[PDB]
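The next block holds one structure in the form of structure tokens; read it before the comments.
Residue numbers (full-length UniProt numbering), protein chains in the order written: chain A, 2 to 51; chain B, 2 to 51.
Here it is, written out as structure tokens:
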């Protein structure tokens, strides 16, 4: 006669840890690479020589 | 001749009182009868003797 881990049941609580949870978020490439403009309205016109 | 109650009209006004509704509502029988566990998440494990 002896006491097994299964015979102790839920007197032994399983633990939790968030170590693996976090992942670094990545931004748009095009917002890093190119000059941006702050728009005040839906549409902006930019003339070019053609 | 005489001024009756109806001839005085809305100078006499009715009153309101909630004494018939001012009664404690009926609680749960099992929350009165049995002890309780303050759970923090969907599931709790309780060991029992076997």
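Using N, Cα and C, we set each Cβ at its ideal position, and we do this for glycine too.
Looking at A:48, A:27, A:6, A:39, the one whose alpha-carbon comes closest to that of residue 15 (chain A) is A:6. Scanning its chain for C-beta atoms nearer than 8 Å, with the 5 sequence neighbours on each side dropped, one finds around residue 38 (chain A) the residues 45, in chain order. A Cβ-Cβ distance of about 5 Å is found for the pair residue 11 (chain A) and residue 48 (chain B), placing them in contact under the 8 Å criterion.
Exclusion of the five residues before and after residue 4 (chain A) leaves no residue of its chain whose Cβ lies closer than 6 Å to its Cβ.
Taking the Cα positions, residue 13 (chain A) is about 14 Å away from residue 50 (chain B).
Annotation: residue 45 (chain B) is outside any alpha helix (DSSP H) and is labelled neither H nor E by DSSP. Chain order gives no chain A residues near residue 36 (chain B), where near means a beta carbon separation below 9 Å; the closest approach is about 19 Å. Residues of the region 11-34 of chain A with a C-beta less than 8 Å from any C-beta of chain B: 11, 12, 14, listed in chain order.
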